[PDB]
Amino acid sequence: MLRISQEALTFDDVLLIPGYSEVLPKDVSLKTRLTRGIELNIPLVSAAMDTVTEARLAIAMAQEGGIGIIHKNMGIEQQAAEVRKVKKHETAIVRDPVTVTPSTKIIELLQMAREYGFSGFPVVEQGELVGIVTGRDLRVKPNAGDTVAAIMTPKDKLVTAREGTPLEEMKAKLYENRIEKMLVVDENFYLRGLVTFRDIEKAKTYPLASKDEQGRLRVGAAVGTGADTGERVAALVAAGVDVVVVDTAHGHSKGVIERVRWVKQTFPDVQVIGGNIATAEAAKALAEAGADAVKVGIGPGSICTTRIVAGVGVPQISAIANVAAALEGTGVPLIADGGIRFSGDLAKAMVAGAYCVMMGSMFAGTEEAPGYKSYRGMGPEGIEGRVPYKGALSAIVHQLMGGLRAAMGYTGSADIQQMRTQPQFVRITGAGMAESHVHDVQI
Amino acid sequence: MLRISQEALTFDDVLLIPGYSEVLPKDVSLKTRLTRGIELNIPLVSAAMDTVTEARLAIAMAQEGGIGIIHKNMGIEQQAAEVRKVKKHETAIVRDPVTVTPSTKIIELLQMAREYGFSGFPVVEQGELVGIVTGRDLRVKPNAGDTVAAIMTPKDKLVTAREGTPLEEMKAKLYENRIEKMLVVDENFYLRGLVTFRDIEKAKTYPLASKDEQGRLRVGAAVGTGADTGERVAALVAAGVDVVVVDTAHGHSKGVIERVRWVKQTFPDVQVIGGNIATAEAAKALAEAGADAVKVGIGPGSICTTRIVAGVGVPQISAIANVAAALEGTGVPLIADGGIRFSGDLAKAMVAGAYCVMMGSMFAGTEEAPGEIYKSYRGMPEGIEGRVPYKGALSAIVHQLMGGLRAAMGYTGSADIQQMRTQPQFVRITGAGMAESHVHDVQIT
Amino acid sequence: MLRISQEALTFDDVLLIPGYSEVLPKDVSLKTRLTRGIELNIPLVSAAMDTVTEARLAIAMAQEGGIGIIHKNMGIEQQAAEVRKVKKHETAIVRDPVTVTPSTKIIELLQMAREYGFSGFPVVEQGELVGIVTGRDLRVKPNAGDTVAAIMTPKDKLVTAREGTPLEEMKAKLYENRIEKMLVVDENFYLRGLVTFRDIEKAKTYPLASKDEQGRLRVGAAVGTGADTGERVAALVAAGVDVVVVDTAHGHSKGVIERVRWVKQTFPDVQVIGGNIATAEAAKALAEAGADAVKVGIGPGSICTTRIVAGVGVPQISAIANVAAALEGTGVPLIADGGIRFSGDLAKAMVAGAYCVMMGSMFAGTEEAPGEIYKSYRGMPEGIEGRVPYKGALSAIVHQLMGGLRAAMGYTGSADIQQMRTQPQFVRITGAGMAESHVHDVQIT
Ligand SMILES: Nc1ncnc2c1ncn2[C@@H]1O[C@H](COP(=O)(O)OP(=O)(O)OP(=O)(O)O)[C@@H](O)[C@H]1O
Ligand SMILES: Nc1ncnc2c1ncn2[C@@H]1O[C@H](COP(=O)(O)OP(=O)(O)OP(=O)(O)O)[C@@H](O)[C@H]1O
Ligand SMILES: Nc1ncnc2c1ncn2[C@@H]1O[C@H](COP(=O)(O)OP(=O)(O)OP(=O)(O)O)[C@@H](O)[C@H]1O
Ligand SMILES: Nc1nc2c(ncn2[C@@H]2O[C@H](COP(=O)(O)OP(=O)(O)O)[C@@H](O)[C@H]2O)c(=O)[nH]1
Ligand SMILES: Nc1nc2c(ncn2[C@@H]2O[C@H](COP(=O)(O)OP(=O)(O)O)[C@@H](O)[C@H]2O)c(=O)[nH]1
Ligand SMILES: Nc1nc2c(ncn2[C@@H]2O[C@H](COP(=O)(O)OP(=O)(O)O)[C@@H](O)[C@H]2O)c(=O)[nH]1
Ligand SMILES: O=c1[nH]cnc2c1ncn2[C@@H]1O[C@H](COP(=O)(O)O)[C@@H](O)[C@H]1O
Ligand SMILES: O=c1[nH]cnc2c1ncn2[C@@H]1O[C@H](COP(=O)(O)O)[C@@H](O)[C@H]1O
Ligand SMILES: O=c1[nH]cnc2c1ncn2[C@@H]1O[C@H](COP(=O)(O)O)[C@@H](O)[C@H]1O
Ligand SMILES: [K+]
Ligand SMILES: [K+]
Ligand SMILES: [K+]
Ligand SMILES: [Mg+2]
Ligand SMILES: [Mg+2]
Ligand SMILES: [Mg+2]
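Chains as they are written, first to last, in PDB author numbering: chain B, 1 to 371, 381 to 388, 416 to 479; chain A, 1 to 373, 381 to 387, 416 to 480; chain A', 1 to 373, 381 to 387, 416 to 480. A prime marks a further copy of an entry chain.
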């Protein structure tokens with residue numbers, strides 16, 4: 001017998017059916033979950049590819065309400081550093097600010113400012129706050145002396161707040177004193193933190209941003225199953241990563257299942273994603289291993305050769321739906337990874353059961369991406421290619437979310453849970469897809 | 001008789017001959033002149049086209065050491081306002097700073113700051129300087145009151161410098177007080193100007209910038225010969241334009257010659273460029289009319305169909321050399337306008353005698369050029420409409436163009452622009468030579 | 001005045017005129033000179049590009065009767081080591097053979113043989129020759145012991161020849177003893193060298209090979225004018241380089257002229273080439289600086305954008321003839337570098353006066369050229420990056436190039452290179468003539 005399990009469908013095989021709608025696209029909710037423990041304000045994840053996600057793009061994705069997964073084709077220290085870059089970009093309060101002492105030489109401070117990119121340094125003596133020196137102070141060439149003591153704002157002029165003071169109260173004192181740094185101290189005037197105007201303003205600019213409980217942007221990082229995996233995970237957790245993505249070509253394997261279990265056991269406080277998979281049995285296996293989410297996609301990537309080189313794969317719409325049915329009631333989200341060419345595909349991915357969609361090609365070429382711009386597969417199961425320079429990531433995200441919002445309005449879905457569970461597809465033929473593209477007109 | 005005056009050559013007809021050299025490309029001088037009275041640190045001018053030069057790109061060109069000519073396909077007041085944007089972008093000292101009164105409401109000031117793009121305002125009541133209010137003050141919600149008086153730095157705390165104080169002693173006092181604005185006053189504490197840290201730093205960031213005597217970036221603006229021209233010139237001069245470009249398809253005409261003369265006589269303190277021309281007799285006519293420079297180019301434009309619609313033109317290498325010969329010894333510069341496709345063409349234009357080169361297509365598509373975007384580029416019928424690829428920041432294109440000129444000067448042994456214009460030699464080539472010059476017989480990656 | 005020195009011609013502008021001939025292509029001589037002191041059996045040089053010439057291709061070129069110039073985009077020691085690979089590939093006699101001691105462990109020697117690529121080692125203890133150990137001996141696991149002493153051929157069984165013995169009497173003794181290594185000794189049985197059957201056979205297989213006085217293949221190496229140049233030259237000479245190529249974009253400069261003079265004065269026993277140039281005055285300047293040859297070519301390179309980025313160049317046929325005229329009677333050869341697309345171009349270059357021709361693109365993609373592969384070919416910005424088809428063995432390309440030159444010499448009645456350079460004539464043609472020359476009006480299968 002020719003052993004055929006099912007007919008499997010991809011995005012171009014189906015269209016969403018319009019339904020009665022009372023909620024306009026601009027008014028629907030796009031909030032979803034990446035994992036059991038991480039929420040996203042938009043259902044978008046950037047792929048862990050060396051032409052797509054390093055720190056710069058991961059910051060942008062988090063600011064938009066999604067998240068980026070930093071790729072692993074680099075040294076453990078470099079990946080940890082990239083994760084650190086995202087976590088340190090902004091915060092509710094800098095709890096471990098770089099400090100100087102009164103006898104620190106101004107020349108060191110000038111070099112510190114260059115390397116760090118900021119110029120504000122509390123001045124301490126054995127933990128006790130004794131001054132502050134900032135960019136405007138570093139413009140002063142003092143009459144006498146060559147240390148911080150000669151240009152710092154002295155103790156008697158410091159504006160401070162006690163640990164626990166509300167942010168609004170902290171803001172009023174910042175503005176009244178025409179300063180942009182608030183020194184946070186305890187009852188003995190020991191330095192406990194630093195609040196910056198910049199961080200206040202960044203939070204107001206991106207109120208949708210994906211952040212942890214400390215107000216830091218969220219970020220993920222990929223690991224494999226090779227010999228350096230344990231050391232790599234440890235460095236990423238130490239750098240503050242929110243989610244470790246155990247990311248392989250075949251997640252339904254002993255190696256991946258065992259590594260997912262190991263991360264859950266060794267680092268219980270981090271979220272773990274496992275993949276990639278494309279069947280219900282694989283989803284149950286990874287869920288039983290403790291994955292906080294599964295990533296769905298074997299074959300469909302734009303620059304992916306798996307289906308041609310190995311003959312292996314599952315059309316993505318059916319793969320999503322089979323995984324979603326397997327995980328119904330478990331609380332484990334599924335991330336649809338690969339094959340998204342148009343915003344319309346994203347909407348279809350969501351209606352088939354995805355919680356969020358991972359994309360590579362769509363974000364390759366943006367200003368924030370590493371590096381027309383290069384776009385290559387991470388595998416001999418990938419190819420190297422070119423994508424056009426696309427400008428700022430925000431514009432692509434806006435177009436993708438605009439299409440999803442339009443689809444939710446067309447189907448009457450007011451939020452992601454309704455979009456995932458209520459709308460219906462029609463199955464179409466090759467002719468139906470042609471009618472749905474632009475046809476018979478010069479563009 | 002078939003009346004043929006000469007054989008005329010264009011860029012692809014000639015190549016520069018290498019010569020014994022002692023100066024490296026990085027060390028040559030690119031300084032030149034746009035007009036009798038305007039110097040440029042690089043020989044680049046952006047074209048007066050509505051897809052190339054408005055204020056944003058003119059600012060960038062001046063910062064790079066060149067200049068932009070603001071186009072005239074817009075209302076008189078709108079063109080003057082674009083000029084004003086360039087002139088007000090930076091300065092050595094703001095001599096007419098916007099001031100407010102103590103009783104001005106904070107909420108009104110907040111909106112003006114949004115509209116003006118700066119938040120620093122000296123506070124004047126009647127004629128007396130009584131405070132200063134800045135962006136950081138405008139963050140304050142005062143316990144009592146809703147006027148500037150409630151959040152301004154008052155008279156007794158103002159940091160000031162007397163008019164004439166060197167700028168290095170003003171900077172020391174700025175830095176000592178951790179402030180970024182210096183109020184300049186006379187002997188009776190009357191406000192005479194405002195110096196900003198931003199302007200100090202902008203000058204340090206772009207030390208090559210093309211600037212006038214007040215430290216303002218230079219800018220030009222195009223005018224035609226139609227009925228509104230007189231008022232347009234007046235409005236542009238009043239806005240501070242450095243050079244008026246009487247810009248027509250045919251500068252060798254009564255219309256342009258008389259208008260150039262009128263500008264020189266009516267506004268003697270502004271520079272005037274006349275064009276476009278392509279012959280020696282035209283160059284002499286404009287010089288006699290008082291032009292401070294001439295613009296050379298009939299036909300060669302990228303988006304130009306003049307040669308095809310009217311059958312008229314002169315290949316640009318010969319046009320440049322003919323005009324340069326006609327103006328030798330007059331002090332009148334010539335600007336080579338149009339036909340530049342590669343940095344190598346720019347070098348050839350200089351050696352043929354150009355003082356600087358005007359370009360449109362190559363700057364269309366930059367971030368600073370007008371338009372949304381893979382950006383539109385159309386002729387200002417004798418022109419066409421088209422698309423060029425989005426090219427990113429202007430600075431990168433300028434860098435490659437000047438790198439090619441620097442290399443050409445190194446190859447010819449030319450240490451500065453004057454030597455490049457007068458000493459190097461061309462060889463004449465065939466179509467085969469041009470093909471050899473270009474990448475040939477290899478797949479390019 | 002527009003300063004045009006001449007009309008300059010390239011390959012597609014001219015054709016060779018057939019002349020009365022008595023010598024068949026198969027019978028003409030292709031021998032020529034690379035430099036004052038280096039002869040070549042064919043007029044071919046491979047370019048100093050990182051996609052063309054490292055040791056592997058330089059060996060092949062020398063075996064064919066030409067020479068390779070190893071490129072300089074690599075570390076000083078790495079470039080010297082590439083030179084060493086070529087010089088050590090073959091020899092008349094190995095004068096400094098690697099030796100071992102009786103107590104050297106067999107397992108260590110096995111690894112050294114793997115690293116060295118040969119397995120033949122004279123065995124020396126203190127200063128005395130006491131055995132020889134070879135690949136066949138290293139297959140033996142001795143009953144007792146683990147050192148060379150256990151598997152070597154001992155002193156009493158060594159076959160030796162006295163220094164000076166003709167090579168035909170050494171071969172007879174090699175063959176009589178069914179061995180492939182001859183130990184050369186002096187009057188006190190001290191080791192003076194090692195002769196191998198391989199080297200004997202390599203000389204017989206490539207009787208045209210370009211070799212020095214020691215029977216080693218010739219090789220060149222490129223250097224620039226930067227700060228590390230002095231040490232780079234020293235390292236390359238120490239590795240045995242035959243010719244140093246002071247290789248720059250603009251040889252008519254103080255930088256190159258002074259460096260050429262420095263090489264001639266500091267290392268009088270090495271040949272020095274200077275370039276690149278394209279004029280008579282440049283050729284005389286390099287000859288006066290002491291160059292043993294000049295390299296001609298500014299612009300024509302396949303992957304070269306010099307003409308397009310800088311606007312600089314001289315069509316190659318005229319550049320060759322101008323330099324050849326300048327060097328007539330000096331003894332200084334000229335190498336035509338760049339622009340060769342077809343074997344017919346090579347013939348034209350020779351008749352214009354070249355002594356030999358340097359090529360890059362045509363050798364990129366061969367098995368012997370660097371790189372994996381349908382092979383990369385990029386310029387060493417004034418160059419481009421590209422792809423060329425995988426071309427197989429270098430020998431086949433050389434065979435077709437020399438076949439075309441041989442045919443051209445037969446067509447012109449030129450029996451040798453000196454006659455080809457000095458006697459045949461060109462006709463000047465139009466674009467129509469070039470089109471006629473090329474395959475036209477037929478589908479090609
Ligand atoms: N918490 C504070 N208490 C007292 N003085 C402070 C405090 N924070 C900053 N300052 C002082 O106020 C001045 C301005 O510092 P601030 O950190 O607001 O801006 P900056 O980063 O130096 O300037 P800019 O952001 O405009 O480049 C400096 O003299 C600095 O020492
Ligand atoms: N010449 C001056 N004399 C006295 N006080 C001044 C002067 N210039 C500015 N100040 C005051 O110093 C404070 C900071 O003003 P400044 O103009 O240096 O920066 P800003 O533009 O307000 O802040 P930022 O540039 O960081 O947004 C304000 O309280 C302002 O009133
Ligand atoms: N000059 C010599 N005198 C005495 N014995 C020698 C000499 N040269 C080689 N032999 C010996 O002859 C044998 C064969 O050595 P030879 O160098 O001819 O070939 P090989 O390189 O070992 O074998 P192959 O080339 O077939 O791999 C070895 O036992 C070696 O010790
Ligand atoms: N001062 C300071 N800022 C930090 C540190 N680590 C991260 N940051 C962030 O860097 C930014 C500094 O911005 P800002 O206060 O405007 O910098 P500055 O005024 O030029 O010194 C804020 O977003 C901080 O959260 C630190 O150790 N010290
Ligand atoms: N304050 C002020 N600046 C002006 C005016 N006209 C032009 N400018 C320029 O606008 C810029 C303001 O920069 P900056 O002082 O940093 O702005 P602010 O601190 O936000 O008020 C400077 O380059 C000034 O030269 C004016 O009337 N008032
Ligand atoms: N034995 C030996 N050969 C060398 C040395 N340096 C270069 N060669 C060359 O390496 C080649 C060795 O060839 P062959 O004698 O057949 O190698 P073997 O029989 O495997 O040891 C010859 O062309 C030598 O000229 C050396 O130090 N010792
Ligand atoms: O070379 C590879 N081989 C197989 N799959 C790949 C390779 N590189 C990336 N992928 C997958 O393809 C996804 C991106 O697909 P895209 O959004 O269609 O471009 C990634 O998130 C990976 O899951
Ligand atoms: O449509 C028109 N007809 C003829 N010339 C034009 C037209 N529009 C612009 N030009 C010229 O072409 C120049 C730009 O040429 P480009 O640098 O080759 O793109 C401008 O500076 C004008 O001199
Ligand atoms: O990028 C460069 N700029 C200019 N000339 C180059 C560059 N790279 C290589 N060349 C020259 O071009 C020659 C090869 O030309 P081809 O034989 O036509 O491929 C080299 O031997 C060099 O003289
Ligand atoms: K349609
Ligand atoms: K070329
Ligand atoms: K033919
Ligand atoms: Mg600051
Ligand atoms: Mg300010
Ligand atoms: Mg052997």
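Just so you know, even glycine gets a beta-carbon here, dropped at the ideal spot from N, CA and C.
Note that the C-beta distance between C356 of chain A and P154 of chain A is not below 9 Å.
At a cut-off of 8 Å, the beta-carbon of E115 of chain B does not count as near ligand 14: no heavy atom of the ligand is closer than that. For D27 of chain B, there is no enclosing beta strand (DSSP E), as DSSP marks it with neither H nor E. In the three-state reduction of the DSSP assignment, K211 of chain A falls in the strand class. For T165 of chain A, there is no enclosing alpha helix (DSSP H), as DSSP marks it with neither H nor E. Rounded to the nearest whole angstrom, the C-alpha separation of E176 of chain B and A150 of chain A is 11 Å. By the rule that beta-carbons nearer than 9 Å mark a contact, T229 of chain A' does not touch chain A. Here the alpha carbons of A364 of chain B and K426 of chain B stand approximately 8 Å from one another. For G68 of chain A, no alpha helix (DSSP H) encloses it; the enclosing beta strand (DSSP E) starts and ends at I67 to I70. Collapsing the DSSP output to three states places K88 of chain A in coil.
If you compare the alpha carbons of A':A60, A':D50 and A':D12 with that of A431 of chain A', the shortest gap goes to A':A60.
It is roughly 12 Å from the alpha-carbon of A283 of chain B to the alpha-carbon of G331 of chain B.
When the beta-carbon positions are compared, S343 of chain B and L286 of chain B stay at least 9 Å from each other. With 16 or more other Cβ atoms inside 10 Å of its own Cβ, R232 of chain A' counts as buried. If you ignore the 5 residues before and after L30 of chain B, its C-beta comes within less than 6 Å of the C-beta of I42, all in its own chain and listed in chain order.
With a 10 Å radius around the Cβ and a threshold of 16 neighbouring Cβ atoms, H250 of chain A' comes out buried. In the structure shown, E417 of chain B falls within a coil segment according to DSSP collapsed to helix, strand and coil. Going by beta carbons, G275 of chain B and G299 of chain B fall outside the 9 Å limit.
For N322 of chain A, same chain residues with a beta-carbon under 7 Å away, outside a window of 5 residues either side, are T279 and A280 in chain order. Residues of the same chain with a CB within less than 8 Å of the CB of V185 of chain B, apart from the 5 flanking positions on each side, are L129, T160, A161, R162, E163, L191 and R192 in chain order.
In this structure, DSSP gives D242 of chain A' a state outside helix and strand, which the three-state scheme calls coil.
When the beta-carbon positions are compared, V219 of chain B and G240 of chain B come within less than 9 Å of each other. Inclusion of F197 of chain A in the 8 Å shell around ligand 5 follows from its C-beta lying nearer than that to a non-hydrogen atom of the ligand. Taking C-beta separations shorter than 7 Å and ignoring five residues to either side along the sequence, the partners of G19 of chain A in its chain run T447, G448 and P459, following chain order.
With respect to the 9 Å criterion, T35 of chain A and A293 of chain A are classified as neighbours on the basis of their beta carbons. In the pairwise beta carbon analysis, the stretch 337-351 of chain A' is classified as touching the stretch 305-319 of chain A': at least three pairs are separated by under 8 Å. For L346 of chain A, the uninterrupted alpha helix (DSSP H) segment begins and ends at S343 to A352.
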